[PDB]
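Colleague: So I've got this file, protein-v9.pdb, and it contains PDB, C-alpha atoms (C1' of nucleotides):
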ATOM      1  CA  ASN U   1    -217.503 294.502  14.373
ATOM      2  CA  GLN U   2    -220.817 295.657  15.858
ATOM      3  CA  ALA U   3    -220.506 298.838  13.788
ATOM      4  CA  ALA U   4    -219.890 296.721  10.683
ATOM      5  CA  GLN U   5    -222.996 294.709  11.618
ATOM      6  CA  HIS U   6    -225.132 297.847  11.769
ATOM      7  CA  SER U   7    -223.594 298.844   8.446
ATOM      8  CA  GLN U   8    -224.706 295.680   6.645
ATOM      9  CA  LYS U   9    -228.156 295.834   8.247
ATOM     10  CA  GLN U  10    -229.038 299.398   7.294
ATOM     11  CA  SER U  11    -227.240 299.171   3.947
ATOM     12  CA  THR U  12    -229.380 296.215   2.916
ATOM     13  CA  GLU U  13    -232.528 297.913   4.248
ATOM     14  CA  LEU U  14    -231.716 300.892   2.022
ATOM     15  CA  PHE U  15    -231.011 298.610  -0.959
ATOM     16  CA  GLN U  16    -234.452 297.046  -0.528
ATOM     17  CA  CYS U  17    -236.085 300.468  -0.095
ATOM     18  CA  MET U  18    -234.920 301.367  -3.610
ATOM     19  CA  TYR U  19    -236.281 298.079  -4.967
ATOM     20  CA  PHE U  20    -239.630 299.666  -3.991
ATOM     21  CA  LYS U  21    -238.692 303.028  -5.557
ATOM     22  CA  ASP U  22    -240.736 305.279  -7.873
ATOM     23  CA  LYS U  23    -240.965 302.910 -10.878
ATOM     24  CA  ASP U  24    -244.747 302.473 -10.935
ATOM     25  CA  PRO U  25    -245.948 299.528  -8.776
ATOM     26  CA  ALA U  26    -249.285 299.524 -10.607
ATOM     27  CA  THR U  27    -248.685 297.736 -13.923
ATOM     28  CA  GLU U  28    -245.309 296.022 -13.546
ATOM     29  CA  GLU U  29    -246.046 292.593 -12.064
ATOM     30  CA  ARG U  30    -243.979 293.235  -8.928
ATOM     31  CA  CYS U  31    -246.758 294.161  -6.522
ATOM     32  CA  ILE U  32    -248.449 291.329  -4.621
ATOM     33  CA  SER U  33    -246.782 289.481  -1.744
ATOM     34  CA  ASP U  34    -248.086 286.988   0.826
ATOM     35  CA  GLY U  35    -248.081 287.072   4.604
ATOM     36  CA  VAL U  36    -247.897 285.162   7.871
ATOM     37  CA  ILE U  37    -247.710 286.627  11.367
ATOM     38  CA  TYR U  38    -245.602 286.029  14.468
ATOM     39  CA  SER U  39    -246.831 288.470  17.152
ATOM     40  CA  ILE U  40    -249.934 290.511  18.008
ATOM     41  CA  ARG U  41    -249.873 294.195  18.992
ATOM     42  CA  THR U  42    -252.663 296.561  19.915
ATOM     43  CA  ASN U  43    -253.011 298.259  16.507
ATOM     44  CA  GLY U  44    -251.407 295.962  13.911
ATOM     45  CA  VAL U  45    -249.886 292.492  13.953
ATOM     46  CA  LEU U  46    -246.250 292.070  12.973
ATOM     47  CA  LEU U  47    -245.901 290.890   9.383
ATOM     48  CA  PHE U  48    -243.311 288.911   7.459
ATOM     49  CA  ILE U  49    -242.557 288.085   3.834
ATOM     50  CA  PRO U  50    -241.131 284.615   3.076
ATOM     51  CA  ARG U  51    -240.375 285.423  -0.588
ATOM     52  CA  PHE U  52    -238.167 288.461   0.105
ATOM     53  CA  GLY U  53    -237.529 288.423   3.852
ATOM     54  CA  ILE U  54    -238.705 291.804   5.106
ATOM     55  CA  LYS U  55    -240.392 292.708   8.386
ATOM     56  CA  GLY U  56    -242.404 295.626   9.702
ATOM     57  CA  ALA U  57    -245.380 296.514  11.879
ATOM     58  CA  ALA U  58    -248.575 297.391  10.018
ATOM     59  CA  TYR U  59    -251.817 298.940  11.249
ATOM     60  CA  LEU U  60    -255.420 297.784  11.088
ATOM     61  CA  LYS U  61    -256.729 300.742  13.075
ATOM     62  CA  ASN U  62    -256.121 303.843  10.974
ATOM     63  CA  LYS U  63    -255.987 307.497  12.043
ATOM     64  CA  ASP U  64    -259.732 308.035  11.529
ATOM     65  CA  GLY U  65    -260.679 304.825  13.366
ATOM     66  CA  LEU U  66    -262.084 303.605  10.030
ATOM     67  CA  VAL U  67    -261.263 299.945  10.690
ATOM     68  CA  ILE U  68    -261.154 297.388   7.887
ATOM     69  CA  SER U  69    -263.656 294.929   6.537
ATOM     70  CA  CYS U  70    -263.587 292.998   3.267
ATOM     71  CA  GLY U  71    -266.068 292.367   0.485
TER      72      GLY U  71
ATOM     73  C1'   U B   1    -190.168 415.061 -62.683
ATOM     74  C1'   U B   2    -192.001 411.381 -56.351
ATOM     75  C1'   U B   3    -186.310 411.583 -51.802
ATOM     76  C1'   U B   4    -185.081 410.082 -45.998
ATOM     77  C1'   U B   5    -186.094 407.029 -41.536
ATOM     78  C1'   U B   6    -188.949 403.980 -38.050
ATOM     79  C1'   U B   7    -184.123 397.557 -32.730
ATOM     80  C1'   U B   8    -185.896 391.979 -31.494
ATOM     81  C1'   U B   9    -188.164 385.106 -31.032
ATOM     82  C1'   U B  10    -188.331 385.096 -20.919
ATOM     83  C1'   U B  11    -183.690 385.269 -17.651
ATOM     84  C1'   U B  12    -182.656 380.621 -14.292
ATOM     85  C1'   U B  13    -181.270 375.444 -12.508
ATOM     86  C1'   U B  14    -175.718 371.212  -9.486
ATOM     87  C1'   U B  15    -183.758 369.500  -4.608
ATOM     88  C1'   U B  16    -183.837 366.373   1.439
ATOM     89  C1'   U B  17    -187.690 362.669   2.807
ATOM     90  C1'   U B  18    -186.537 356.993   7.970
ATOM     91  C1'   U B  19    -193.657 352.504   5.592
ATOM     92  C1'   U B  20    -196.825 347.392   5.072
ATOM     93  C1'   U B  21    -202.846 342.294   4.483
ATOM     94  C1'   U B  22    -207.377 343.896   6.976
ATOM     95  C1'   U B  23    -210.364 348.012   8.917
ATOM     96  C1'   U B  24    -217.047 348.290  11.742
ATOM     97  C1'   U B  25    -223.082 344.514  14.454
ATOM     98  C1'   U B  26    -228.574 341.875  13.773
ATOM     99  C1'   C B  27    -232.332 338.357  18.508
ATOM    100  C1'   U B  28    -234.944 334.002  20.817
ATOM    101  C1'   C B  29    -236.069 329.419  17.732
ATOM    102  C1'   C B  30    -242.097 322.131  19.591
ATOM    103  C1'   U B  31    -237.445 316.936  15.014
ATOM    104  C1'   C B  32    -244.949 312.851  15.359
ATOM    105  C1'   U B  33    -245.796 307.066  17.357
ATOM    106  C1'   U B  34    -244.616 298.245  17.119
ATOM    107  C1'   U B  35    -240.528 298.088  20.915
ATOM    108  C1'   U B  36    -237.234 296.135  24.402
ATOM    109  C1'   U B  37    -232.590 298.101  21.682
ATOM    110  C1'   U B  38    -231.029 293.081  17.591
ATOM    111  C1'   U B  39    -226.316 290.407  18.393
ATOM    112  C1'   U B  40    -223.878 282.824  18.101
ATOM    113  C1'   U B  41    -223.231 280.589  13.382
ATOM    114  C1'   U B  42    -220.990 279.697   8.162
ATOM    115  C1'   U B  43    -219.770 280.703   3.236
ATOM    116  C1'   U B  44    -215.855 287.446   0.894
TER     117        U B  44
END
Write the structure described by the file as structure tokens, please.

Modeller:
Amino acid sequence: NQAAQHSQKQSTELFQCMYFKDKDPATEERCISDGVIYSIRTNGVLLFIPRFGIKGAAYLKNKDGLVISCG
RNA sequence: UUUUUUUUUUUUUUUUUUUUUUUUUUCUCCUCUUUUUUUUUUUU
């Protein structure tokens, strides 16, 4: 049963990964999401998507230390 | 008015046999980063 569990989890992750496949995310209106947080880490705060349901740790600090501002 | 003679197609057939796919090289080798590892639950 635990193996089955892992199967559903990584199968669905892969199915979502192809939702974000090659078909150009530049002109099809399937690009912008929203975001809340739930936990702080030392390079990027953990993000969440209420409209799809995906998680993942992002980064504010980038490789060249070129940290973000906004206009 | 122009007779007579000068051989031709090698002889032979009534011999035994108890093996067996292939076949014969090439060295040691830096796997990058949010984690502990999540977990009940219900609709197949």

Colleague: Show me, as a list in words, the residues that have an atom within 12 Å of residue 38 in chain B when counting only C-alpha atoms (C1' of nucleotides), minus same-chain residues fewer than 5 positions from it.

Modeller: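 Listing them by chain and then by number gives residues 2, 5, 6 and 9 of chain U.
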
Colleague: Which chain B residues are at most 12 Å from chain U (counting only C-alpha atoms (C1' of nucleotides)), as a PDB file with C-alpha atoms (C1' of nucleotides), in the frame of the given file?

Modeller:
ATOM      1  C1'   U B  33    -245.796 307.066  17.357  1.00  0.00           C
ATOM      2  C1'   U B  34    -244.616 298.245  17.119  1.00  0.00           C
ATOM      3  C1'   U B  35    -240.528 298.088  20.915  1.00  0.00           C
ATOM      4  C1'   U B  38    -231.029 293.081  17.591  1.00  0.00           C
ATOM      5  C1'   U B  39    -226.316 290.407  18.393  1.00  0.00           C
TER       6        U B  39
END

Colleague: Tell me, in Å to one decimal, how far CA of residue 13 in chain U is from CA of residue 52 in chain U.

Modeller: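 Interatomic distance here is 11.8 Å.
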
Colleague: Give me, please, the distance in Å between CA of residue 53 in chain U and CA of residue 67 in chain U, quoted to one decimal.

Modeller: 27.3 Å

Colleague: Could you please determine the separation between CA of residue 60 in chain U and CA of residue 30 in chain U in Å, to one decimal place?

Modeller: 23.5 Å

Colleague: The centre and edge lengths of an axis-aligned box containing all atoms of range 1-15 of chain B present in the file, extended by 4 Å on each side, are to be given in Å to one decimal, as JSON.

Modeller:
{"center_x": -183.9, "center_y": 392.3, "center_z": -33.6, "size_x": 24.3, "size_y": 53.6, "size_z": 66.1}

Colleague: I'd like to see the residues matched by the PyMOL selection byres ((chain U and resi 33) around 12) on this file, and ideally I'd get them as a ChimeraX atom specification.

Modeller: /U:29-32,34-36,47-54

Colleague: Would you mind completing range 25-46 of chain U to N, CA, C and O atoms and writing the output as a PDB file, in the coordinates of the input?

Modeller:
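Ended up saving to result.pdb:
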ATOM      1  N   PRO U  25    -245.491 300.839  -9.252  1.00  0.00           N
ATOM      2  CA  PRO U  25    -245.948 299.528  -8.776  1.00  0.00           C
ATOM      3  C   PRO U  25    -247.437 299.303  -9.036  1.00  0.00           C
ATOM      4  O   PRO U  25    -248.194 298.919  -8.144  1.00  0.00           O
ATOM      5  N   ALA U  26    -247.866 299.574 -10.268  1.00  0.00           N
ATOM      6  CA  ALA U  26    -249.285 299.524 -10.607  1.00  0.00           C
ATOM      7  C   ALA U  26    -249.546 298.653 -11.828  1.00  0.00           C
ATOM      8  O   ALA U  26    -250.619 298.053 -11.951  1.00  0.00           O
ATOM      9  N   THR U  27    -248.570 298.572 -12.732  1.00  0.00           N
ATOM     10  CA  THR U  27    -248.685 297.736 -13.923  1.00  0.00           C
ATOM     11  C   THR U  27    -247.535 296.762 -14.115  1.00  0.00           C
ATOM     12  O   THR U  27    -247.734 295.737 -14.777  1.00  0.00           O
ATOM     13  N   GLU U  28    -246.352 297.034 -13.574  1.00  0.00           N
ATOM     14  CA  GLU U  28    -245.309 296.022 -13.546  1.00  0.00           C
ATOM     15  C   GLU U  28    -245.668 294.964 -12.510  1.00  0.00           C
ATOM     16  O   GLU U  28    -246.043 295.291 -11.381  1.00  0.00           O
ATOM     17  N   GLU U  29    -245.552 293.691 -12.893  1.00  0.00           N
ATOM     18  CA  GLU U  29    -246.046 292.593 -12.064  1.00  0.00           C
ATOM     19  C   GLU U  29    -245.077 292.295 -10.916  1.00  0.00           C
ATOM     20  O   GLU U  29    -244.534 291.200 -10.778  1.00  0.00           O
ATOM     21  N   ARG U  30    -244.869 293.310 -10.082  1.00  0.00           N
ATOM     22  CA  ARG U  30    -243.979 293.235  -8.928  1.00  0.00           C
ATOM     23  C   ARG U  30    -244.665 293.823  -7.703  1.00  0.00           C
ATOM     24  O   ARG U  30    -244.084 294.601  -6.943  1.00  0.00           O
ATOM     25  N   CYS U  31    -245.930 293.459  -7.493  1.00  0.00           N
ATOM     26  CA  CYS U  31    -246.758 294.161  -6.522  1.00  0.00           C
ATOM     27  C   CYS U  31    -247.204 293.288  -5.362  1.00  0.00           C
ATOM     28  O   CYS U  31    -247.020 293.668  -4.200  1.00  0.00           O
ATOM     29  N   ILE U  32    -247.788 292.131  -5.643  1.00  0.00           N
ATOM     30  CA  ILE U  32    -248.449 291.329  -4.621  1.00  0.00           C
ATOM     31  C   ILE U  32    -247.432 290.442  -3.918  1.00  0.00           C
ATOM     32  O   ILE U  32    -246.583 289.810  -4.555  1.00  0.00           O
ATOM     33  N   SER U  33    -247.522 290.402  -2.593  1.00  0.00           N
ATOM     34  CA  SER U  33    -246.782 289.481  -1.744  1.00  0.00           C
ATOM     35  C   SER U  33    -247.778 288.609  -0.978  1.00  0.00           C
ATOM     36  O   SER U  33    -248.986 288.660  -1.215  1.00  0.00           O
ATOM     37  N   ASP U  34    -247.261 287.789  -0.070  1.00  0.00           N
ATOM     38  CA  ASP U  34    -248.086 286.988   0.826  1.00  0.00           C
ATOM     39  C   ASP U  34    -247.778 287.411   2.261  1.00  0.00           C
ATOM     40  O   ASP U  34    -247.032 288.365   2.499  1.00  0.00           O
ATOM     41  N   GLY U  35    -248.357 286.705   3.229  1.00  0.00           N
ATOM     42  CA  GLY U  35    -248.081 287.072   4.604  1.00  0.00           C
ATOM     43  C   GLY U  35    -248.537 286.130   5.700  1.00  0.00           C
ATOM     44  O   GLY U  35    -249.679 285.663   5.718  1.00  0.00           O
ATOM     45  N   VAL U  36    -247.618 285.850   6.620  1.00  0.00           N
ATOM     46  CA  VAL U  36    -247.897 285.162   7.871  1.00  0.00           C
ATOM     47  C   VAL U  36    -247.615 286.151   8.997  1.00  0.00           C
ATOM     48  O   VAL U  36    -247.114 287.251   8.766  1.00  0.00           O
ATOM     49  N   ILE U  37    -247.941 285.755  10.226  1.00  0.00           N
ATOM     50  CA  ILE U  37    -247.710 286.627  11.367  1.00  0.00           C
ATOM     51  C   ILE U  37    -246.853 285.875  12.381  1.00  0.00           C
ATOM     52  O   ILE U  37    -246.700 284.655  12.316  1.00  0.00           O
ATOM     53  N   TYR U  38    -246.290 286.627  13.332  1.00  0.00           N
ATOM     54  CA  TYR U  38    -245.602 286.029  14.468  1.00  0.00           C
ATOM     55  C   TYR U  38    -245.916 286.664  15.818  1.00  0.00           C
ATOM     56  O   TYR U  38    -245.578 286.058  16.838  1.00  0.00           O
ATOM     57  N   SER U  39    -246.537 287.842  15.872  1.00  0.00           N
ATOM     58  CA  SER U  39    -246.831 288.470  17.152  1.00  0.00           C
ATOM     59  C   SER U  39    -247.912 289.530  16.991  1.00  0.00           C
ATOM     60  O   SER U  39    -247.958 290.236  15.982  1.00  0.00           O
ATOM     61  N   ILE U  40    -248.775 289.625  18.000  1.00  0.00           N
ATOM     62  CA  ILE U  40    -249.934 290.511  18.008  1.00  0.00           C
ATOM     63  C   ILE U  40    -249.598 291.766  18.802  1.00  0.00           C
ATOM     64  O   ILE U  40    -248.983 291.687  19.873  1.00  0.00           O
ATOM     65  N   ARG U  41    -250.004 292.927  18.285  1.00  0.00           N
ATOM     66  CA  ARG U  41    -249.873 294.195  18.992  1.00  0.00           C
ATOM     67  C   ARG U  41    -251.218 294.908  18.951  1.00  0.00           C
ATOM     68  O   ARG U  41    -252.151 294.472  18.270  1.00  0.00           O
ATOM     69  N   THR U  42    -251.328 296.021  19.681  1.00  0.00           N
ATOM     70  CA  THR U  42    -252.663 296.561  19.915  1.00  0.00           C
ATOM     71  C   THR U  42    -253.206 297.400  18.764  1.00  0.00           C
ATOM     72  O   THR U  42    -254.322 297.919  18.884  1.00  0.00           O
ATOM     73  N   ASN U  43    -252.470 297.555  17.667  1.00  0.00           N
ATOM     74  CA  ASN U  43    -253.011 298.259  16.507  1.00  0.00           C
ATOM     75  C   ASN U  43    -252.737 297.567  15.183  1.00  0.00           C
ATOM     76  O   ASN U  43    -253.373 297.917  14.184  1.00  0.00           O
ATOM     77  N   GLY U  44    -251.822 296.604  15.139  1.00  0.00           N
ATOM     78  CA  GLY U  44    -251.407 295.962  13.911  1.00  0.00           C
ATOM     79  C   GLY U  44    -250.471 294.813  14.207  1.00  0.00           C
ATOM     80  O   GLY U  44    -249.562 294.970  15.027  1.00  0.00           O
ATOM     81  N   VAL U  45    -250.660 293.668  13.581  1.00  0.00           N
ATOM     82  CA  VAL U  45    -249.886 292.492  13.953  1.00  0.00           C
ATOM     83  C   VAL U  45    -248.648 292.432  13.070  1.00  0.00           C
ATOM     84  O   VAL U  45    -248.695 292.776  11.883  1.00  0.00           O
ATOM     85  N   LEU U  46    -247.533 292.010  13.661  1.00  0.00           N
ATOM     86  CA  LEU U  46    -246.250 292.070  12.973  1.00  0.00           C
ATOM     87  C   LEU U  46    -246.249 291.138  11.770  1.00  0.00           C
ATOM     88  O   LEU U  46    -246.587 289.958  11.889  1.00  0.00           O
TER      89      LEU U  46
END
